[PDB]
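Below is a structure I'd like to ask you about.
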């Protein structure tokens, strides 16, 4: 239900400046309600990127990449719920989950204050990397349960 | 009034002017090429497929 | 250290005039010692790669055998009194890495300091 | 001349023997236009609000292609030599009146609505509307005038977009906020710092980027839906260089002050040489109360587009430790007026803002580089030239230049609190010397001659022109695996399909040397 | 080609020498001058053939490394310029 | 690493060209003489 | 120098968006039913008030 919400906004940065040249009838089509999934998902990334944007037109920074990857993981997870026979994409999800884990390790050593701020806004379980992880699975890290606050059914099991 | 000291003043001053003009022209052409590339339709590949480059034959044995 | 062992494959060629080599700080110093002995005609740093020429005499090259002693996975060390036993009654060239730079095996014994055997040039058994 | 010019296109040459349609419209148009304003007589051509000009489509081939009209006849309007809406043929009577009504509004007596039915009906024998100004009309008139920088005419249209209407805020709201900023930055006298701070807060949506001296007084479907809500008109400053340019203008003007004097300031520049001298009693005991205040005023450490929502975050655990930290910024106090090097640098900034506001552009950039290099290169800046073969750290350094220097060279510049080394480690740290210089390149654009000349000058003055970065390639290994086709009678792929290029394949140029053929399509946008 | 002790080096040796009242030649002035004679004598007294070619143009007194050689050579892409009186040296 | 100062090929070529005020690369062909 | 490239990027995207507006304008003009329904709507509005 949350993923299907459509806020009152615009796609492709269609500010009112250009939209004024179009007819009222034609403007409905450009609204988010008439947009597709690809456009809807892209809009969410722009809003989150601006929250952690160091400079305009800058997405390669670790702060922006951390938020961009988070939205991509949820996008695939929602698709897997409706589609269950798509076994090819199961392997792709693991790659993104592991890739995001490495990003946190690099950002922790270069900037510690910023690492804590980004977690609070996104409500992500902050984890420090100061000692090597043990080989025991009962106490090792789990990239699947990183977003424990947002997901309550993928924490642990027996 | 020193003759040797004044010689270095002119050599350094003239060298600075030459670099300024050279740098300005280099930057103008550097950005001009990039502008054209970002204003054309992407080129879609239409050549032979890479069907034979998948398998390889490395060093035999150990 | 890994790039150092990659120079033997390129320099060990018969039908060739010049071969490229990855650029490295340690690799540059090694070429200087070889040129003094007359094994390399010359070299030039071409940016990301170094172009090294090959020396030939009556068809056959000047280099005929290269042995790599030191490897990135381990480290061979010999005392001043032990290097003489190893290297005896031979014309070979052993690269020694001492604290005061890089020198050949002949100079290592003169100073009496404990070096490190890196590679062998024109060496038999 | 009249900015609005209506061009009436028709083809009456072919109908010289048998009028079918071309003459039919002329009879009605010629009889209706005069009645609505009260081919045509020259006397009545001067009282119209627009220039009515007629052109024959089937007489001139050069003009026919320029308009590119799919139909014939059709009315085409213009405004300051620009394309406008075109009225297609075969429309109703109401459509024709609409087009004429808007034509006379762009230029800005008229027939009252009560007598509109009789005028139209009475003109058909030969054989205005009650709606107010259109929303798009006002917007189109302000977007083009702002480039001309009007003073008295700009204020009028600014006041006619918000009064007893409160009906259109999602479209005209963006331009209203930016329109007021231009007016405040046109007066000869310096703008008010307090006024700009309040106006800029709404556009950015946050007061964290603003200086502390101008800051204000100190369910499941709902909690997660507030994360994507960002307050701020960022779309205007990203897809519109014209709009983004005004943002940089405010940054430069913010460095100015109110209680300042041109004569006093000028005189003080020469006296304070910023050398090793702790400023003589001649300069310290010659400063009025007005100048003292200005020097102590706050300035934006960082630009407005940097750290717009996390500026207040501390940077304690983002620094490096080093016992060797030689700097000239050391006098037992952090105060600006308590340092000789800082005092000199400040004076330069003040004059730069005034020159830019007046109109002097080339002279303004001279002071910016002067101050930036002053604190960076140390007190040794009078030598306006390239480095005298003293650029150390290069490969195969000459020994002649090493003995020509001393410990003096080891001293590093920077700002009062931090240094050059601190900025290298922390990417969020900054100092005013760089913010002021960066606020000018975007204000005047990148292709501006003066900006281009100044940009190249910094490279040579710092002794670093001609740098070539060196970067090695990356590993060819990538995630995933090789293509695999499922076994059995059901032919299907497992990981990848046939269209998969391995990371060790050759360049496309060598694989397809023939290239596109002559009969191939030059636009694959299907 | 070899310019042969360009004029830039001689300017410093003149002002420094003439600055003092006694006109005492410093050690640096004589150290450089004496070195030029050693190389000039070695090429002439070489015990083995010395082949040299002037691929570039010679300006001023800079042909001492080719004319004094045991075996001097030249080609079309060569020149010989010597105007010491103009520079007063 | 991108800020490192390593002597490359293009780096030295630009330095020589900068000296010439607004003197470029030139090549020579083989000399073919019939009298040889 | 990074700030210099920021201005260039804004201009580059601005030109791309300009061409997009032209395509949409064509549709409006070319569309008959859009105009016809729009026209009718307006007429009734004034008649009801009058």
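Read from first to last, the chains carry the letters A, B, C, D, E, F and G; within each, the first residue is number 1.
Just so it is clear, a contact is a pair of C-beta atoms (placed from the backbone, for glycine too) under 8 Å apart; a residue touches a chain by one contact, two chains touch by 3 or more.
Which protein is which chain? UniProt says C = Putative ribosomal protein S8.
Of all chain pairs, the one joined by the greatest number of contacting C-beta pairs is A-D.
With centres defined as mean CA coordinates, subunit D is found 60 Å away from subunit C (Putative ribosomal protein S8).
For the pair subunit B and subunit G, the distance between C-alpha centroids works out to 41 Å. Put simply, the C-alpha centre of subunit A and that of subunit B have 37 angstrom between them.
Taking each chain's centre as the average of its CA atoms, subunit A and subunit E sit 74 Å apart. For subunit G, the set of residues that touch two or more other chains comprises 6, 8, 10, 17.
Multi-chain contact residues, meaning those touching two or more other chains, occur in subunit C (Putative ribosomal protein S8) at positions 47-48.
Multi-chain contact residues, meaning those touching two or more other chains, do not occur anywhere in subunit E.
Remark: the chains found to touch one another pair up as A-D, A-G, B-D, B-E, B-F, B-G, C-D, C-F, D-F, D-G. Residues of subunit A touching subunit G in their complex: 13, 18, 21-26, 55-57. Across the complex, subunit G is touched by residues 86, 88, 92, 94-95, 130, 238-241, 244, 438, 441-442, 445-446, 451, 455 of subunit D.
Note for the complex: subunit A touches subunit D at residues 1-2, 5, 7, 13, 15-17, 19-21, 44, 47-48, 50-57, 88, 91, 95, 111-114, 117, 121-122, 150. For subunit F in complex with subunit C (Putative ribosomal protein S8), the touching residues are 6-10. Contact residues on subunit C (Putative ribosomal protein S8) toward subunit F in their complex (touch as defined above): 23, 45-48.
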